[PDB]
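In: no FASTA, just this:
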RNA sequence: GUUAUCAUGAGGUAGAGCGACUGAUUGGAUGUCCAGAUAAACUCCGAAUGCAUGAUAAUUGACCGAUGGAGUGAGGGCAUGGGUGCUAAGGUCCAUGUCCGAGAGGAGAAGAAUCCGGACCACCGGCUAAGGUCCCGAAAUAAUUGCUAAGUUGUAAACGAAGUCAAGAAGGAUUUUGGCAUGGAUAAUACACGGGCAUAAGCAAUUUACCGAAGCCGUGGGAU
RNA sequence: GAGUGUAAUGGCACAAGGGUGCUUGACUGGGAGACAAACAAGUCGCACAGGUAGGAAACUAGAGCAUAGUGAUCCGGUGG
RNA sequence: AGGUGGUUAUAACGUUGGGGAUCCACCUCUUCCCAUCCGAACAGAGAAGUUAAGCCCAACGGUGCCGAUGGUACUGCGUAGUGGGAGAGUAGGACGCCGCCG
Ligand SMILES: [K+]
Ligand SMILES: [K+]
Ligand SMILES: [Mg+2]
Ligand SMILES: [Mg+2]
Ligand SMILES: [Mg+2]
Ligand SMILES: [Mg+2]
Ligand SMILES: [Mg+2]
Ligand SMILES: [Mg+2]
Ligand SMILES: [Mg+2]
Ligand SMILES: [Mg+2]
Ligand SMILES: [Mg+2]
Ligand SMILES: [Mg+2]
Ligand SMILES: [Mg+2]
Ligand SMILES: [Mg+2]
Ligand SMILES: [Mg+2]
Ligand SMILES: [Mg+2]
Ligand code: NA
Ligand code: NA
Ligand code: NA
Ligand code: NA
């Protein structure tokens, strides 16, 4: 649920500065949210390798050197069109003042009855949730022990915790 | 064959493919795909041959997406016809693509089967390609 | 069916067109007579 | 407050705009040196033909 | 083997003739346009073909207003 | 469609040609259900030069004459003539005509 | 007149976008909605350059009027933006530059327009450009650090095997991005690094000195 | 997202789109100044004098939302 | 609680409440000026009645509108360098700001 990240200060900006940064296998990155301007800094490909390339989600505990320490979540990753390599990241600062929308994995935790035959199908892999950062689950369990025939559990027909299902209600989260 | 149901114009000027693809370079539907490393016109016959090949693999369990549609009309003059006197006889439609554009998306199969199924499809295509896995994928749950 | 018209009454003349199958009566419009320096009726000829 | 400019590359096969800029600087021959006041108007002329001149 | 095309008409040399900032004499043509791509403002008149022309001598001013509508006017003294 | 969208439509049609300068100031009238008002306006300046009304002053058409005359005296002192009369989305009739007629009959070329 | 700088102005191209229009379009839940996506004759947007005007600066003077005399009105190559053609042609048709035409000298073995460079005349003087410094052939068998084993080199692809070097990743095996090599590689009078030949005299990098033109300078002599 | 007689494009809400009342400015004498431009040709537009139409007035009107609907000279006809 | 301007909606639209001293309005009737099949509109004649609605005030980020920084696309010159730098999206902003008269 938590990740440790640190980064060096970034001063120069533009086409020349960014291209030289990635020549050292670094990534330009910014952090912004709520009060105060943004922070420009540099992280490394090794440092963020397990933050992004992973089926898990974490609340990044970010320590930008020379500026301070904050808490953040992943907001936007910029990938190269051909190499598929990371070229830019922006982290949204999270606080305990107002909720924030994020998408958590949903897990279809046995299957209902004999089941219609190897179906047990997870359709909606992620669900948008807005809440305080310290109320967001690491996972969204579901128990499935009803209507082994043709059935579907919708997004609206579920209540987990002090969450808020903004994930496009009246949709389908599982079927068969 | 994949072609528009109708068009506003019958002929079209041959354009110019310039840079890397900025749209459709990321997987949205499946977990595995193939992406182009060259710029080229892709014909409907090429696409049908590749799609049949990838669908033949994976038996009957999985879904395949074609993420390009040929909407560009092309012509050809023919033998014994000199230069000039207007445009030639119609010859179907092609889809122009640039490096980075994803062609075939696959989901519903384990990692090894998907890798092999899209290798057979990429061998019917005029461009060299590259296998891509979505970065949120889990190797320990398939 | 749109022909030239010449409205009359030195003498004062105005040249214009009209549809001879739509306007079948002779044109009669008040125009400015330069010779008299006042408006008079000009009829088609 | 002055500045000396030398021509080091030929003007053959250069665009007419670059050929005319060298004339506005007074340069008509290779290795010839000219002296000017370093004002923003003169500096924009050198910057336009920077691949052809040297500051000495 | 033939083309059913090959036709074209002469271009009309339309567009802005006196730009914002320049000086105009009365009668000078300012814009040739189809329709009112530009609109007549103060001291500017419009002809039959929507030609914009100067009624008085002065300085040409362009000005955008509500709904990005452009007006052309002459600033006298 | 609501007694005002049409009036604003007619207002802007009249204002397409009628304005006010230091000379020939604009004469503007507003008609309420019970009262009637007038104002002399300098559009280039944006400020009102003179005014009259019947709030503190016969049928309604018989009272528009006094408003149409009291606006003349106010402009007579300030040195105004040859004003331009705008309808303000009002048909030229009834009370509004009497106000215009009184202004013309006095010292203004309304 | 030109070029630069500053000020002022109008754009609808490149790009982008498509619940902003028109046309086209993928998958889902089900006309409603969630994602995905396209265009010379689509546009809610929108540069870089270019263009117009004024002022200042520089500029061998390059611009204009009047009037005497012409030639030309078969163009061509290259780079960039395009149409056409087959994203063929030493093809064809436009636009912007440039050179050949009407241009010699130097490098490229030998090439109209590729790279360097605009020849007033003379010289048994000097400095350089592009490109070079083992011999034919002027100048380093120069210095230092790696790579290649194929004579690759010193002047082609889909697809194989990974031959080898460097830096990583997951956890002896797998793999990723780089560098150089290897197979794929192919006709007819006898063949090619120009040749000799070289394991560096090949490739990559840094450094110094030197060679190198009708370029520049020096000396003498003319012309407009 | 309609319409604007007629292709396409640009324009149009104070509508240039749709109605009615009255009218003939689809005027006589005109062309400061510009656009465009091999020439021949083409395009937009005055100032004011005379006399009108609509309007309470201010004001507008030298044909039409704009851009196609065309043909030199020579030689003849008609009215002054 | 009105009239009339300037500012290209950050100004608009909307939602939920409050308002009748005087004003604005709805309101009552068509003999007259004038009008359409109809006093619905337009016009005239009044104050018998109401705040219900328009209108104005408060609060609201709901629909529209504005919108960074960074990164990217593209591009002038030039043969990797040297200058310019979007669109989309994201943080956010915003329930106007100013004049004159009564
Ligand atoms: K060679
Ligand atoms: K030397
Ligand atoms: Mg044209
Ligand atoms: Mg484009
Ligand atoms: Mg596109
Ligand atoms: Mg000829
Ligand atoms: Mg010719
Ligand atoms: Mg040729
Ligand atoms: Mg071509
Ligand atoms: Mg030829
Ligand atoms: Mg030449
Ligand atoms: Mg030697
Ligand atoms: Mg032979
Ligand atoms: Mg010489
Ligand atoms: Mg003239
Ligand atoms: Mg920016
Ligand atoms: Na043509
Ligand atoms: Na679309
Ligand atoms: Na560049
Ligand atoms: Na932007």
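Out: Structure's in. What do you need? Numbers count the residues shown, from 1 in each chain, chains lettered A, B, ... in the order given. Ligands and ions are numbered 1, 2, ... in the order given.

In: what residue in chain E comes nearest to RNA strand I?
Out: RNA strand I sits closest to residue E:64 of chain E, with a gap of 3.3 Å, by Cβ to the nearest atom of the strand. For every residue, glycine as well, the C-beta is placed using N, CA and C.

In: ditto for chain C
Out: residue C:30 (26.6 Å).

In: ok, back up a step: shouldn't the residue of chain E closest to RNA strand I be within a strand?
Out: Yes - looking at residue E:64 with DSSP: H, G, I helix; E, B strand; the rest coil, it is inside a strand.

In: around RNA strand I, pick out the residues from chain D.
Out: D:14, D:15, D:18, D:51 (Cβ under 7 Å from any atom of the strand).

In: and the residues you listed as JSON lines, adding distance to chain B, secondary structure and neighbour count?
Out: Formatted as JSON lines, the residues of chain D next to RNA strand I follow (distance: Cβ to the nearest Cβ, whole Å; DSSP: H, G, I helix; E, B strand; the rest coil; neighbours: other Cβ atoms under 10 Å in any protein chain shown):
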{"residue": "D:14", "distance to chain B": "28", "secondary structure": "coil", "neighbour count": "16"}
{"residue": "D:15", "distance to chain B": "25", "secondary structure": "coil", "neighbour count": "9"}
{"residue": "D:18", "distance to chain B": "28", "secondary structure": "helix", "neighbour count": "13"}
{"residue": "D:51", "distance to chain B": "27", "secondary structure": "coil", "neighbour count": "9"}
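
In: any idea how far the residue in chain F positioned nearest to RNA strand H lies from residue F:87?
Out: Going by Cβ to the nearest atom of the strand, RNA strand H is nearest to residue F:16 of chain F, at 2.5 Å. As judged by Cβ to Cβ, to the nearest Å, residue F:16 and residue F:87 stand 12 Å apart.

In: the more surrounded of those two?
Out: Just comparing residue F:16 and residue F:87: by other Cβ atoms under 10 Å in any protein chain shown the higher neighbour count belongs to residue F:87, 17 against 8.

In: how close does the more buried one sit to residue A:34?
Out: 55 Å.

In: what about the residue nearest the centre of chain E, which SS state?
Out: Nearest to the geometric centre of chain E sits residue E:31, at 1.8 Å (Cα atoms, centre = their mean). Secondary structure state of residue E:31, per three-state DSSP, is strand.

In: now do the longest helix seen in chain A: everything it contacts.
Out: Criterion DSSP state H: the longest helix present in chain A is helix A:15-22. Contact partners of helix A:15-22, identified using Cβ atoms under 8 Å, 6 or more residues apart in numbering or on different chains, comprise A:10, A:27, A:28, A:42, A:87.

In: closest one of these to residue B:28?
Out: residue A:87 (19.8 Å; Cβ to Cβ).

In: so what's that closest one closest to, chain neighbours aside?
Out: Of all residues not flanking residue A:87 in the chain, residue A:78 sits nearest, at 5.0 Å (Cβ to Cβ, 6 or more residues apart in numbering or on different chains).

In: name the residue of chain A that lies nearest to RNA strand G.
Out: Counting by Cβ to the nearest atom of the strand, chain A gets nearest RNA strand G through residue A:168, at 4.1 Å.

In: count the neighbours of that residue for me.
Out: The criterion is other Cβ under 10 Å. On that basis, residue A:168 has 11 neighbouring residues.

In: cool, residue F:63 as well?
Out: Residues near residue F:63, counting by other Cβ under 10 Å: 18.

In: isn't it up against residue F:55?
Out: No - the pair residue F:63 and residue F:55 does not pass the contact test of Cβ atoms under 8 Å, sitting 10.9 Å apart.

In: now the strands: where do they sit in chain F?
Out: F:26-31, F:36-42, F:47-53, F:84-85 (DSSP state E).

In: typed the wrong thing, it's chain D
Out: D:2-7, D:33-37, D:53-55.

In: next one: chain C
Out: Under DSSP E, chain C gives strands at C:2-8, C:14-19, C:28-33, C:38-44.

In: I'd like the ones you listed as TSV, with distance to residue B:93 and mean neighbour count appended.
Out: Below are these laid out as TSV (distance: least, Cβ to Cβ, whole Å; neighbours: other Cβ atoms under 10 Å in any protein chain shown):
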stretch	distance to residue B:93	mean neighbour count
strand C:2-8	51	12
strand C:14-19	52	12
strand C:28-33	64	12
strand C:38-44	65	13
